[PDB]
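Asks: What follows is final-v6.txt, compact mmCIF, N, CA and C atoms.
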# COMPACT_ATOMS: atom_id res chain seq x y z
N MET F 105 -10.07 37.05 20.56
CA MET F 105 -9.28 38.09 19.90
C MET F 105 -8.13 38.63 20.76
N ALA F 106 -8.31 38.75 22.07
CA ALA F 106 -7.26 39.18 22.97
C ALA F 106 -6.09 38.19 22.99
N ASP F 107 -6.37 36.89 23.06
CA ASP F 107 -5.35 35.84 22.98
C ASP F 107 -4.64 35.82 21.63
N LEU F 108 -5.37 35.97 20.52
CA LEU F 108 -4.78 35.96 19.19
C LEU F 108 -3.80 37.11 18.93
N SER F 109 -3.95 38.24 19.62
CA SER F 109 -3.03 39.37 19.46
C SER F 109 -1.61 39.04 19.93
N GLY F 110 -1.49 38.35 21.07
CA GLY F 110 -0.20 37.96 21.63
C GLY F 110 0.58 37.05 20.70
N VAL F 111 -0.07 36.03 20.14
CA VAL F 111 0.59 35.09 19.23
C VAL F 111 0.96 35.74 17.90
N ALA F 112 0.19 36.71 17.40
CA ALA F 112 0.56 37.46 16.21
C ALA F 112 1.84 38.27 16.40
N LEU F 113 2.08 38.83 17.59
CA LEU F 113 3.33 39.53 17.90
C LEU F 113 4.51 38.59 18.15
N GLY F 114 4.28 37.39 18.68
CA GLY F 114 5.29 36.34 18.79
C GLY F 114 5.74 35.84 17.42
N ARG F 115 4.81 35.42 16.56
CA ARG F 115 5.12 34.90 15.21
C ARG F 115 5.89 35.88 14.34
N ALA F 116 5.72 37.18 14.55
CA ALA F 116 6.39 38.18 13.74
C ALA F 116 7.91 38.06 13.80
N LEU F 117 8.49 37.70 14.95
CA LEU F 117 9.93 37.59 15.12
C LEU F 117 10.53 36.59 14.14
N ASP F 118 9.92 35.42 13.98
CA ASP F 118 10.36 34.43 13.01
C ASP F 118 10.23 34.91 11.58
N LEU F 119 9.12 35.55 11.23
CA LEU F 119 8.89 36.00 9.86
C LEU F 119 9.80 37.16 9.46
N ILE F 120 10.22 37.97 10.42
CA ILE F 120 11.21 39.02 10.20
C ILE F 120 12.61 38.41 10.18
N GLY F 121 13.03 37.72 11.24
CA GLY F 121 14.39 37.24 11.41
C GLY F 121 14.77 36.14 10.42
N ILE F 122 13.88 35.17 10.16
CA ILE F 122 14.14 34.13 9.17
C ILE F 122 13.94 34.65 7.76
N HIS F 123 12.79 35.24 7.43
CA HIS F 123 12.39 35.49 6.03
C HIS F 123 12.50 36.93 5.55
N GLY F 124 12.58 37.94 6.42
CA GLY F 124 12.54 39.34 6.01
C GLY F 124 11.25 39.73 5.29
N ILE F 125 10.10 39.21 5.72
CA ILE F 125 8.77 39.58 5.21
C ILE F 125 7.95 40.29 6.28
N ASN F 126 7.13 41.25 5.87
CA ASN F 126 6.13 41.89 6.73
C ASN F 126 4.92 40.96 6.92
N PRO F 127 4.55 40.50 8.13
CA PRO F 127 3.58 39.43 8.28
C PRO F 127 2.20 39.76 7.71
N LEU F 128 1.67 40.95 7.94
CA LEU F 128 0.34 41.37 7.49
C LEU F 128 0.11 41.13 5.99
N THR F 129 0.98 41.68 5.15
CA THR F 129 0.87 41.58 3.68
C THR F 129 1.65 40.41 3.08
N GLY F 130 2.55 39.79 3.83
CA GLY F 130 3.44 38.73 3.36
C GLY F 130 4.53 39.16 2.39
N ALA F 131 4.62 40.43 1.99
CA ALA F 131 5.64 40.96 1.09
C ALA F 131 6.99 41.17 1.80
N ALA F 132 8.09 41.18 1.07
CA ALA F 132 9.41 41.44 1.61
C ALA F 132 9.55 42.85 2.21
N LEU F 133 10.33 42.96 3.28
CA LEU F 133 10.70 44.23 3.89
C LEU F 133 11.59 45.05 2.94
N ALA F 134 11.39 46.36 2.92
CA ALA F 134 11.86 47.21 1.83
C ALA F 134 13.38 47.37 1.74
N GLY F 135 14.09 47.32 2.87
CA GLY F 135 15.50 47.72 2.94
C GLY F 135 16.52 46.74 2.35
N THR F 136 16.10 45.56 1.90
CA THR F 136 16.96 44.36 1.76
C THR F 136 17.73 44.09 3.07
N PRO F 137 17.04 43.88 4.19
CA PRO F 137 17.68 43.64 5.47
C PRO F 137 18.36 42.27 5.51
N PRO F 138 19.30 42.05 6.44
CA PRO F 138 19.77 40.72 6.79
C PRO F 138 18.63 39.79 7.22
N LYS F 139 18.56 38.59 6.64
CA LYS F 139 17.62 37.52 7.01
C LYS F 139 18.38 36.20 7.07
N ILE F 140 18.01 35.27 7.94
CA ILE F 140 18.79 34.03 8.12
C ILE F 140 18.91 33.26 6.80
N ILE F 141 17.86 33.24 5.98
CA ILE F 141 17.85 32.56 4.68
C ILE F 141 18.72 33.23 3.60
N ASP F 142 19.45 34.30 3.91
CA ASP F 142 20.51 34.82 3.04
C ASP F 142 21.70 33.88 2.89
N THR F 143 21.89 32.94 3.81
CA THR F 143 23.06 32.07 3.83
C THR F 143 23.30 31.34 2.51
N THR F 144 24.56 31.23 2.12
CA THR F 144 25.01 30.42 0.99
C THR F 144 25.12 28.94 1.33
N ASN F 145 24.96 28.55 2.59
CA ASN F 145 24.89 27.17 3.01
C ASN F 145 23.50 26.58 2.77
N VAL F 146 23.20 26.22 1.53
CA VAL F 146 21.95 25.54 1.18
C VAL F 146 22.21 24.08 0.85
N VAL F 147 21.41 23.18 1.41
CA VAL F 147 21.29 21.80 0.92
C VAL F 147 19.91 21.64 0.32
N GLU F 148 19.88 21.33 -0.97
CA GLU F 148 18.68 21.41 -1.79
C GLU F 148 18.22 20.01 -2.16
N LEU F 149 16.97 19.69 -1.86
CA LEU F 149 16.46 18.33 -1.89
C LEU F 149 16.14 17.88 -3.32
N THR F 150 16.97 16.99 -3.86
CA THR F 150 16.64 16.19 -5.04
C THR F 150 15.61 15.12 -4.67
N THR F 151 14.99 14.48 -5.66
CA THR F 151 14.08 13.35 -5.42
C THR F 151 14.78 12.10 -4.87
N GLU F 152 16.12 12.03 -4.87
CA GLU F 152 16.86 10.99 -4.15
C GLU F 152 17.02 11.33 -2.66
N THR F 153 17.35 12.57 -2.31
CA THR F 153 17.57 13.01 -0.91
C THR F 153 16.25 13.30 -0.18
N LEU F 154 15.23 13.76 -0.88
CA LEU F 154 13.87 13.86 -0.37
C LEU F 154 13.43 12.48 0.12
N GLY F 155 12.92 12.42 1.35
CA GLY F 155 12.67 11.15 2.04
C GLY F 155 13.79 10.70 2.98
N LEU F 156 14.90 11.44 3.08
CA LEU F 156 15.95 11.24 4.08
C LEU F 156 16.18 12.49 4.96
N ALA S 2 -40.12 -59.20 11.32
CA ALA S 2 -38.94 -58.32 11.34
C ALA S 2 -38.66 -57.81 12.76
N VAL S 3 -37.43 -57.38 13.02
CA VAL S 3 -37.00 -56.76 14.29
C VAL S 3 -37.61 -55.37 14.44
N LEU S 4 -38.07 -55.00 15.63
CA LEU S 4 -38.57 -53.66 15.92
C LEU S 4 -37.42 -52.65 16.05
N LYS S 5 -37.42 -51.57 15.26
CA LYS S 5 -36.41 -50.50 15.33
C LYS S 5 -37.04 -49.14 15.59
N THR S 6 -36.30 -48.23 16.22
CA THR S 6 -36.71 -46.83 16.48
C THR S 6 -37.09 -46.05 15.21
N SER S 7 -36.63 -46.48 14.04
CA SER S 7 -37.12 -46.02 12.73
C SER S 7 -38.65 -45.97 12.64
N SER S 8 -39.34 -46.98 13.16
CA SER S 8 -40.80 -47.07 13.15
C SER S 8 -41.52 -46.03 14.01
N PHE S 9 -40.85 -45.46 15.01
CA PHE S 9 -41.45 -44.53 15.98
C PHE S 9 -41.48 -43.07 15.50
N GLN S 10 -40.60 -42.69 14.57
CA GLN S 10 -40.46 -41.33 14.03
C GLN S 10 -40.33 -40.25 15.11
N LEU S 11 -39.43 -40.46 16.08
CA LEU S 11 -39.34 -39.65 17.28
C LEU S 11 -38.93 -38.19 16.99
N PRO S 12 -39.48 -37.21 17.71
CA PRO S 12 -39.12 -35.81 17.54
C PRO S 12 -37.74 -35.50 18.11
N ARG S 13 -37.04 -34.54 17.50
CA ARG S 13 -35.73 -34.04 17.96
C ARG S 13 -35.86 -33.26 19.25
N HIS S 14 -34.83 -33.30 20.08
CA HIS S 14 -34.77 -32.49 21.30
C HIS S 14 -34.37 -31.06 20.97
N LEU S 15 -35.16 -30.06 21.37
CA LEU S 15 -34.73 -28.66 21.32
C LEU S 15 -33.70 -28.39 22.40
N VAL S 16 -32.61 -27.72 22.03
CA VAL S 16 -31.55 -27.31 22.95
C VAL S 16 -31.68 -25.81 23.25
N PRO S 17 -31.66 -25.38 24.52
CA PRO S 17 -31.81 -23.97 24.88
C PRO S 17 -30.74 -23.05 24.30
N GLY S 18 -31.07 -21.76 24.21
CA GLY S 18 -30.19 -20.70 23.72
C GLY S 18 -30.18 -20.54 22.20
N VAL S 19 -29.66 -19.41 21.73
CA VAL S 19 -29.49 -19.09 20.30
C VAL S 19 -28.02 -18.85 19.99
N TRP S 20 -27.50 -19.46 18.94
CA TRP S 20 -26.15 -19.18 18.45
C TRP S 20 -26.16 -18.04 17.45
N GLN S 21 -25.29 -17.06 17.65
CA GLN S 21 -25.25 -15.81 16.89
C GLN S 21 -23.81 -15.45 16.52
N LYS S 22 -23.60 -14.96 15.30
CA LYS S 22 -22.42 -14.18 14.94
C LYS S 22 -22.50 -12.79 15.59
N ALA S 23 -21.39 -12.28 16.12
CA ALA S 23 -21.33 -10.97 16.75
C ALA S 23 -21.48 -9.81 15.74
N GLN S 24 -21.88 -8.65 16.24
CA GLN S 24 -22.04 -7.41 15.47
C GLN S 24 -20.94 -6.41 15.84
N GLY S 25 -20.31 -5.79 14.84
CA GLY S 25 -19.39 -4.68 15.08
C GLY S 25 -20.11 -3.49 15.72
N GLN S 26 -19.53 -2.92 16.77
CA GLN S 26 -20.13 -1.84 17.56
C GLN S 26 -19.81 -0.45 16.99
N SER S 27 -20.42 0.60 17.52
CA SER S 27 -20.13 1.97 17.07
C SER S 27 -18.71 2.42 17.41
N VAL S 28 -17.95 2.91 16.44
CA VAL S 28 -16.68 3.59 16.72
C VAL S 28 -16.93 5.00 17.22
N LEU S 29 -17.87 5.74 16.63
CA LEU S 29 -18.10 7.13 17.00
C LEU S 29 -18.53 7.28 18.45
N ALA S 30 -19.30 6.34 18.99
CA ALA S 30 -19.67 6.32 20.40
C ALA S 30 -18.48 6.17 21.36
N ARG S 31 -17.31 5.72 20.89
CA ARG S 31 -16.09 5.50 21.68
C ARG S 31 -15.01 6.56 21.42
N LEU S 32 -14.88 7.04 20.19
CA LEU S 32 -13.90 8.05 19.81
C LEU S 32 -14.36 9.49 20.11
N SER S 33 -15.66 9.78 20.04
CA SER S 33 -16.26 11.06 20.40
C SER S 33 -17.18 10.87 21.60
N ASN S 34 -16.97 11.61 22.69
CA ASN S 34 -17.89 11.63 23.82
C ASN S 34 -19.23 12.28 23.46
N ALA S 35 -20.33 11.73 23.96
CA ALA S 35 -21.64 12.33 23.81
C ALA S 35 -21.72 13.61 24.63
N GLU S 36 -22.13 14.70 24.02
CA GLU S 36 -22.44 15.94 24.72
C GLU S 36 -23.94 16.00 25.03
N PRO S 37 -24.37 16.48 26.20
CA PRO S 37 -25.77 16.71 26.46
C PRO S 37 -26.31 17.75 25.48
N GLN S 38 -27.42 17.45 24.82
CA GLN S 38 -28.08 18.31 23.85
C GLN S 38 -29.58 18.39 24.09
N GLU S 39 -30.17 19.56 23.89
CA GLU S 39 -31.63 19.74 23.79
C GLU S 39 -32.11 19.48 22.36
N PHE S 40 -33.37 19.09 22.19
CA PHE S 40 -33.89 18.74 20.87
C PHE S 40 -33.80 19.91 19.88
N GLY S 41 -33.16 19.70 18.73
CA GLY S 41 -33.03 20.67 17.66
C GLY S 41 -31.62 20.82 17.09
N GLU S 42 -31.45 21.66 16.08
CA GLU S 42 -30.14 21.94 15.52
C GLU S 42 -29.32 22.80 16.48
N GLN S 43 -28.08 22.40 16.69
CA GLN S 43 -27.09 23.14 17.45
C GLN S 43 -26.29 24.04 16.51
N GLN S 44 -25.66 25.09 17.05
CA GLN S 44 -24.74 25.95 16.32
C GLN S 44 -23.45 26.16 17.11
N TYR S 45 -22.31 26.03 16.44
CA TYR S 45 -20.97 26.11 17.03
C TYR S 45 -20.17 27.23 16.36
N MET S 46 -19.43 28.00 17.15
CA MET S 46 -18.63 29.12 16.66
C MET S 46 -17.23 28.65 16.26
N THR S 47 -16.75 29.02 15.08
CA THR S 47 -15.41 28.68 14.59
C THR S 47 -14.61 29.93 14.26
N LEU S 48 -13.30 29.91 14.51
CA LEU S 48 -12.37 30.93 14.05
C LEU S 48 -11.97 30.64 12.60
N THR S 49 -12.27 31.55 11.69
CA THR S 49 -12.02 31.40 10.25
C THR S 49 -10.62 31.82 9.85
N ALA S 50 -10.13 32.95 10.37
CA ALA S 50 -8.77 33.44 10.14
C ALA S 50 -8.25 34.24 11.34
N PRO S 51 -6.96 34.14 11.68
CA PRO S 51 -6.35 34.91 12.76
C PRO S 51 -5.89 36.31 12.30
N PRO S 52 -5.74 37.27 13.23
CA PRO S 52 -5.14 38.57 12.96
C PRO S 52 -3.62 38.46 12.75
Please express what this file holds, its structure, as structure tokens.

Replies:
Amino acid sequence: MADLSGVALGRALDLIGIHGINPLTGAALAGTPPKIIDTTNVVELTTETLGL
Amino acid sequence: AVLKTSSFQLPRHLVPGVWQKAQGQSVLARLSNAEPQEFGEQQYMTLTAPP
């Protein structure tokens, strides 16, 4: 349990900075904060591009 | 008639050793190391979910 606490605080940075979700409940953070996945630069995988 | 070895009915020579097809060995004995165990059921602790 002591070891698992450290990794839970490490993982939170990615879940906040990339996704804007609260890790415990998995729900979105309330403020509509900036998150990396806000970007309009999406490449979306069709069944032709999936596998490349 | 001519005498032939046919009339003697001679026994065959036994040749030493046995010819055998090989047997496939245990994979689990090579992929998993044996742990020392005392006689009976063992119990192992697992982490079910992290905090």

Asks: Restricting the calculation to all atoms listed in the file: of S:25, S:42, S:33, S:51, which residue gets closest to chain F?

Replies: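 The answer is S:51, which sits nearest to chain F.
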
Asks: So what do you get for CA of residue 143 in chain F versus CA of residue 130 in chain F, distance-wise?

Replies: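 So the answer is 20.7 Å.
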
Asks: Kindly give the distance, in Å, that separates CA of residue 110 in chain F and CA of residue 50 in chain S, rounded to a single decimal.

Replies: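 Taking CA of residue 110 in chain F and CA of residue 50 in chain S, their separation equals 15.0 Å.
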
Asks: When you count only C-alpha atoms, which of these residues is closest to residue 117 in chain F: F:105, F:156, F:140, F:134?

Replies: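 Looking at the shortest contact to residue 117 in chain F, the residue is F:140.
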
Asks: If you run DSSP on the backbone, which residues of chain S are helix (DSSP H, G or I), as a VMD selection string?

Replies: chain S and resid 6 to 9 29 to 32

Asks: Would you list which chain F residues are within 8 Å of chain S using only C-alpha atoms, as a list in words?

Replies: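 So the contacting residues turn out to be residues 108, 109 and 112 of chain F.
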
Asks: Counting only C-alpha atoms, what is within 8 Å of range 123-127 of chain F, bar same-chain residues fewer than 6 positions away, as a list in words?

Replies: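 Residues near the query, excluding close chain neighbours: residues 116, 133, 136, 137, 138, 139, 140 and 141 of chain F.
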
Asks: How many Å separate CA of residue 128 in chain F from CA of residue 49 in chain S?

Replies: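 Between these atoms lies a distance of 16.1 Å.
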
Asks: Add whatever atoms are absent from range 140-156 of chain F to reach N, CA, C and O atoms, and provide the output as a compact mmCIF listing (two decimals), in the coordinates of the input.

Replies:
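File written: out_10.txt
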# COMPACT_ATOMS: atom_id res chain seq x y z
N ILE F 140 18.01 35.27 7.94
CA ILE F 140 18.79 34.03 8.12
C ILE F 140 18.91 33.26 6.80
O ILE F 140 19.98 32.76 6.48
N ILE F 141 17.86 33.24 5.98
CA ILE F 141 17.85 32.56 4.68
C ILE F 141 18.72 33.23 3.60
O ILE F 141 18.75 32.76 2.47
N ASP F 142 19.45 34.30 3.91
CA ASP F 142 20.51 34.82 3.04
C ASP F 142 21.70 33.88 2.89
O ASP F 142 22.48 34.05 1.95
N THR F 143 21.89 32.94 3.81
CA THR F 143 23.06 32.07 3.83
C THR F 143 23.30 31.34 2.51
O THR F 143 22.37 30.86 1.86
N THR F 144 24.56 31.23 2.12
CA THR F 144 25.01 30.42 0.99
C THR F 144 25.12 28.94 1.33
O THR F 144 25.30 28.12 0.43
N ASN F 145 24.96 28.55 2.59
CA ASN F 145 24.89 27.17 3.01
C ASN F 145 23.50 26.58 2.77
O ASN F 145 22.70 26.43 3.69
N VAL F 146 23.20 26.22 1.53
CA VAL F 146 21.95 25.54 1.18
C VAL F 146 22.21 24.08 0.85
O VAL F 146 23.10 23.76 0.07
N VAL F 147 21.41 23.18 1.41
CA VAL F 147 21.29 21.80 0.92
C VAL F 147 19.91 21.64 0.32
O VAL F 147 18.88 21.85 0.96
N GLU F 148 19.88 21.33 -0.97
CA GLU F 148 18.68 21.41 -1.79
C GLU F 148 18.22 20.01 -2.16
O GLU F 148 19.01 19.19 -2.63
N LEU F 149 16.97 19.69 -1.86
CA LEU F 149 16.46 18.33 -1.89
C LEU F 149 16.14 17.88 -3.32
O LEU F 149 15.15 18.29 -3.91
N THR F 150 16.97 16.99 -3.86
CA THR F 150 16.64 16.19 -5.04
C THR F 150 15.61 15.12 -4.67
O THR F 150 15.44 14.78 -3.50
N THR F 151 14.99 14.48 -5.66
CA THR F 151 14.08 13.35 -5.42
C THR F 151 14.78 12.10 -4.87
O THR F 151 14.10 11.19 -4.41
N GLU F 152 16.12 12.03 -4.87
CA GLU F 152 16.86 10.99 -4.15
C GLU F 152 17.02 11.33 -2.66
O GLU F 152 16.85 10.45 -1.83
N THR F 153 17.35 12.57 -2.31
CA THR F 153 17.57 13.01 -0.91
C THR F 153 16.25 13.30 -0.18
O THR F 153 16.15 13.09 1.03
N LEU F 154 15.23 13.76 -0.88
CA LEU F 154 13.87 13.86 -0.37
C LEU F 154 13.43 12.48 0.12
O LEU F 154 13.58 11.49 -0.58
N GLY F 155 12.92 12.42 1.35
CA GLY F 155 12.67 11.15 2.04
C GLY F 155 13.79 10.70 2.98
O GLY F 155 13.61 9.71 3.68
N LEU F 156 14.90 11.44 3.08
CA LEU F 156 15.95 11.24 4.08
C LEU F 156 16.18 12.49 4.96
O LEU F 156 17.25 13.10 4.90
